[PDB]
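Below sits a lone chain in structure tokens, taken as the form deposited in one PDB entry.
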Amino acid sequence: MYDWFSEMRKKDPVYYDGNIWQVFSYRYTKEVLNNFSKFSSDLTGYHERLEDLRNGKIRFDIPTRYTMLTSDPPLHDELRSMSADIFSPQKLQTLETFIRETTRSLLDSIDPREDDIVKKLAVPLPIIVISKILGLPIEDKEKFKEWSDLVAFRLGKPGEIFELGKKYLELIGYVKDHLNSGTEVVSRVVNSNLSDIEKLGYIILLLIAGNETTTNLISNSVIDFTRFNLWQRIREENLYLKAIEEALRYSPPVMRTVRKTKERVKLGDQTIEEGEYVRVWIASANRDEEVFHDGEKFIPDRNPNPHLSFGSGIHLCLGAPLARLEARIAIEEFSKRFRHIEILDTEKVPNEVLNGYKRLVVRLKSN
């Protein structure tokens, strides 16, 4: 991947293959993400469908097509304003003790002789925390893991990031069943003037959409710290903050995102017609030598680090404060708890957009 990224950054940072456009450089990736009025996120016809969702002309549709992720202002801003305070660093910091205690309890379960830390640590932690945050109970741990795994790039369905089918219908039933038992942010959504379809979409987005990405950050951090032999230096030079930021830059859990042009636009030397998909490679931008000195090197105290792994602009990841907090606490506690790590076996996430591990089997020496 990354050698190809370098080639495109050098010869062809803005590339048309006869179907869609792909962007590989930092400057044009950032330009795309921030220019919401020319590069639209409404890939599912949310704006076009809004009135008939709300007046009930549209009776049946896929709830997760219609969330803030696939909308433009003002609809986007109005949606996000209902939960933006909950996910701010100021408000999340209350949760620090709960997350730290949950982490150490997950660490307890680890057989240091041989264990899968994706299965023991990285997968359960985001699910437990978001369930706490939303007041939506984990009734079946296995169902919640399966629901979290529904998240995927979906070829030919732009904007759609959920695998559908029987599992998805079960998720919907679950949310309907616990609508009225949630915390205050859930109540905001439920009591709003959104259509039922939008309400379901919104709740599912918050409950499920962030689990695997956060799991992937934790897994990728463990891999990166181990492979480049940084555990001691990070521990002793207290580099947790900047090291996790560098893991974000170097091993982005979300490799790319996409936009659709609202009008003819110019991006660098190229002219993109209206109604074109523009895929923006976060992973490649994150190594742009014009922005990051020695971009191919993992530097645990890297500074500055304006990486695009949470995006940029108005859609800048709502969960970024939360993901940073969980990851930092997970790594800190893990680092405090174990002296030595050997990677015994790995299985990557196999598909296009998500970058992380299905299995991470390690041998550890505890203190």
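The numbering used is simple: start at 1 and walk along the sequence shown. Rigid core (definition): largest C-alpha set, two forms, superposition within 1.5 Å. Only residues modelled in both forms are compared.
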Seminar exercise, completed: Mean Cα B-factor check, 230-238 vs 143-151, entry values; winner is 230-238
Exercise. Taking the recorded C-alpha temperature factors, which stretch has the higher mean, 284-292 or 72-80?
Worked result: 284-292
For this session: For the C-alpha B-factor as written in the entry, point me to the maximum among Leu43, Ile314, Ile299, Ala320.
Result: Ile299
For this session: Identify, among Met255, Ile204, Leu95, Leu121, the residue whose C-alpha carries the highest B-factor in the deposited PDB entry.
Result: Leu95
Seminar exercise, completed: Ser131: C-alpha B-factor third of its chain, per the entry, is the middle
For this session: Would you mind checking where the Cα B-factor of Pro63 ranks among the modelled residues of its chain, as the lowest, middle or highest third?
Result: lowest
Seminar exercise, completed: For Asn34, the third of its chain by CA B-factor is the middle
Exercise. Hey, what third does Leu308 fall into on Cα B-factor, ranked over its chain?
Worked result: lowest
For this session: Sort the modelled residues of this chain by their C-alpha B factor and say whether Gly356 lands in the lowest, middle or highest third.
Result: lowest
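Beyond the structure shown, there is the form deposited in another entry, which is absent from this document and is the topic of what follows.
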Seminar exercise, completed: Core-superposed between the shown form and the other one, the one of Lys132, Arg154, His178, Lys260 with a C-alpha shift of 2 Å or more is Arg154
Problem set entry | CA of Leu164, rigid core aligned, shift of 2 Å or more between the shown form and the other one | yes
Exercise. Does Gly275 move its CA by 2 angstroms or more between the shown form and the other one when the core is aligned?
Worked result: no
Problem set entry | After fitting the core, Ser105 CA displacement of 2 Å or more between the shown form and the other one | no
Problem set entry | Inter-Cα distance between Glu160 and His315 in the other entry, nearer or further [3 Å or more] | farther
Exercise. Knowing the Cα distance between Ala152 and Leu322 changes 3 Å or more in the other entry, does it shrink or grow relative to here?
Worked result: closer
Problem set entry | After core alignment, residue runs (3 or more) whose Cα moves 2 Å or more between the shown form and the other one | 88-91, 151-164
